[PDB]
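Trainee: Okay, here's the structure, questions in a sec.
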Amino acid sequence: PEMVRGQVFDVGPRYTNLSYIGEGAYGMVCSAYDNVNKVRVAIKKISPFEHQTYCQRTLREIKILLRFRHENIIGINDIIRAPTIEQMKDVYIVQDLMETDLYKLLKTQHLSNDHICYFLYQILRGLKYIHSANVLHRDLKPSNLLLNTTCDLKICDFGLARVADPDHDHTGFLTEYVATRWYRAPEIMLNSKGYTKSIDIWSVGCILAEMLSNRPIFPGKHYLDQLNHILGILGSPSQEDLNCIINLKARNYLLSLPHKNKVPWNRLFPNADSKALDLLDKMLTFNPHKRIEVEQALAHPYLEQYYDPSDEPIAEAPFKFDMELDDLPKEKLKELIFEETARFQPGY
Ligand SMILES: Cc1cnc(Nc2ccc(F)cc2Cl)nc1-c1c[nH]c(C(=O)N[C@H](CO)c2cccc(Cl)c2)c1
Ligand SMILES: [Cl-]
Ligand SMILES: [Cl-]
């Protein structure tokens with residue numbers, strides 16, 4: 001069995017000749033040659049079974065991606081794991097291979113306005129599909145946007161994805177959050193669990209800023225500093241916006257800050273298309289209730305060359321989990337993962 005940077009990848013004899021691509025909190029992704037289909041593929045090894053949270057994320061990603069089918073979303077073509085639940089330590093998810101990601105691209109290249117616009121279009125086209133299933137991605141960022149040399153874009157990494165739940169979005173001030181700091185909407189630090197579609201739109205706004213400028217727009221150093229950097233551009237929230245924040249520790253925190261001016265977008269982005277900056281303004285709205293929605297963003301003038309509902313598929317119906325995963329033990333979740341991956345086993 002082959003090994004890459006200390007990880008064994010027990011995926012032969014069908015898949016061979018592996019190279020490293022990247023890693024995650026409980027695994028590694030490699031490229032591999034598929035000896036059946038005579039093509040190179042991506043294989044993501046995950047090893048989640050010692051942690052309840054990792055098992056939950058694994059099951060959600062698998063269930064969601066096996067259900068979804070869309071040009072701008074990564075799929076799952078095969079899943080490898082051991083013949084019996086006792087021998088299963090790892091799961092290998094086989095996916096279409098892409099060439100790079102937007103994080104890497106932006107380290108080397110300043111994008112043209114036309115490339116920015118096309119990439120934004122694809123992000124939102126994929127997100128329109130995800131949201132139409134009442135699913136949230138919850139970790140959109142450049143390194144989760146895969147690309148090829150023909151500028152096709154796929155969203156990947158659904159480990160934090162879940163079904164939207166506005167009724168349970170509320171939480172206390174300074175509640176822990178798992179998704180990447182720089183892409184967190186201001187409400188995460190105030191009163192939100194990120195259980196509404198507005199959470200993803202903020203992240204897309206942050207990505208757009210980064211495509212415009214090759215800089216993260218809000219590079220917080222720590223959890224609370226993230227909010228202060230957001231306010232460094234948006235300025236102090238309006239009274240209307242403040243009145244929407246009920247929980248007092250959050251409200252009192254905001255009231256304790258010095259007043260901050262709103263910094264005009266054209267100062268940050270002097271060479272940007274004005275229409276892109278108008279859309280950016282609407283995506284990066286402080287109040288999540290007032291923030292632009294995915295179809296509205298697609299319908300914005302900046303995207304007029306591309307927007308075409310007759311070429312933007314949606315999901316058949318809302319995605320639905322059959323059971324509450326939040327409170328299941330890791331051995332129960334393992335049983336569920338075993339079951340979910342059974343149809344890829346030889347025989348079945
Ligand atoms: C599915 C896929 C398909 N093609 C490419 N290619 C690629 C992407 C970036 C590169 F720098 C180079 C290449 Cl070749 N990457 C991927 C890919 C990139 N990231 C992931 C991916 O799912 N990454 C997540 C972390 O965000 C991950 C990874 C391992 C374990 C865990 Cl727990 C989580 C897949
Ligand atoms: Cl902090
Ligand atoms: Cl509140």
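Simple scheme: letters A, B, ... for chains in structure tokens order, numbers from 1 for residues in each chain, numbers from 1 for ligands in the order shown.
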What's around residue 46 in chain A at 7 Å? Count only C-alpha atoms, leave out sequence neighbours fewer than 5 positions away in its own chain, and write the answer as number ranges by chain.

Mentor: A: 26-28, 90-92

Trainee: Would you mind exporting C-alpha atoms of the selected residues as a PDB file, in the first residue's frame?

Mentor:
ATOM      1  CA  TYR A  26      -8.404  14.816   9.896  1.00  0.00           C
ATOM      2  CA  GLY A  27      -6.954  13.823   6.542  1.00  0.00           C
ATOM      3  CA  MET A  28      -5.104  14.332   3.294  1.00  0.00           C
ATOM      4  CA  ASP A  90     -10.212   5.474   7.098  1.00  0.00           C
ATOM      5  CA  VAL A  91     -12.520   6.516   4.281  1.00  0.00           C
ATOM      6  CA  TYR A  92     -11.271   7.444   0.819  1.00  0.00           C
TER       7      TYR A  92
END

Trainee: Residues within 9 Å of residue 88 in chain A, please, as a ChimeraX atom specification. Count only C-alpha atoms; anything in the same chain fewer than 5 positions from it doesn't count.

Mentor: /A:49,81-83,338

Trainee: I need the chosen residues saved as a PDB file, in the first residue's frame, with C-alpha atoms.

Mentor:
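Ended up saving to again-v8.pdb:
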ATOM      1  CA  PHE A  49     -13.634   7.942  13.843  1.00  0.00           C
ATOM      2  CA  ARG A  81     -13.284   1.639   2.889  1.00  0.00           C
ATOM      3  CA  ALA A  82     -12.753  -1.692   4.579  1.00  0.00           C
ATOM      4  CA  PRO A  83     -15.212  -4.658   4.094  1.00  0.00           C
ATOM      5  CA  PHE A 338     -20.580   2.460   7.101  1.00  0.00           C
TER       6      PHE A 338
END

Trainee: For a quick check of understanding, using only C-alpha atoms, which of A:209, A:253, A:166, A:216 has the smallest distance to residue 270 in chain A?

Mentor: A:209

Trainee: Would you name the residues within 8 Å of ligand 1, counting only C-alpha atoms and all ligand atoms, and put them as an MDAnalysis selection string?

Mentor: chainID A and resid 21:31 41:48 54 58 74 94:101 104 143:144 146:147 156:159

Trainee: Looking only at helix (DSSP H, G or I) from DSSP on the backbone, list the matching residues of range 198-239 of chain A as a short mmCIF file (atom, residue, chain, number, x, y, z; two decimals) with C-alpha atoms, in the first residue's frame.

Mentor:
data_model
loop_
_atom_site.label_atom_id
_atom_site.label_comp_id
_atom_site.auth_asym_id
_atom_site.auth_seq_id
_atom_site.Cartn_x
_atom_site.Cartn_y
_atom_site.Cartn_z
CA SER A 198 -26.69 35.16 4.68
CA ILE A 199 -23.59 33.60 6.25
CA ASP A 200 -22.44 32.33 2.88
CA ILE A 201 -23.13 35.60 1.07
CA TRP A 202 -20.76 37.42 3.43
CA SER A 203 -18.01 34.90 2.66
CA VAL A 204 -18.56 35.40 -1.08
CA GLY A 205 -18.19 39.17 -0.59
CA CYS A 206 -14.88 38.57 1.14
CA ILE A 207 -13.77 36.38 -1.79
CA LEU A 208 -14.79 39.06 -4.30
CA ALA A 209 -12.68 41.62 -2.42
CA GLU A 210 -9.77 39.29 -2.56
CA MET A 211 -10.20 38.73 -6.34
CA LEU A 212 -10.20 42.52 -6.78
CA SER A 213 -7.12 43.19 -4.79
CA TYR A 223 -11.58 35.99 17.12
CA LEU A 224 -12.74 39.45 18.34
CA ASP A 225 -10.19 41.39 16.30
CA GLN A 226 -11.99 39.98 13.23
CA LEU A 227 -15.07 42.04 14.16
CA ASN A 228 -12.99 45.12 14.71
CA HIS A 229 -11.44 44.80 11.22
CA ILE A 230 -14.92 44.45 9.67
CA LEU A 231 -16.01 47.65 11.46
CA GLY A 232 -12.77 49.26 10.24
CA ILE A 233 -14.29 49.29 6.75
CA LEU A 234 -18.04 49.32 7.33
CA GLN A 239 -28.82 52.81 15.14
#
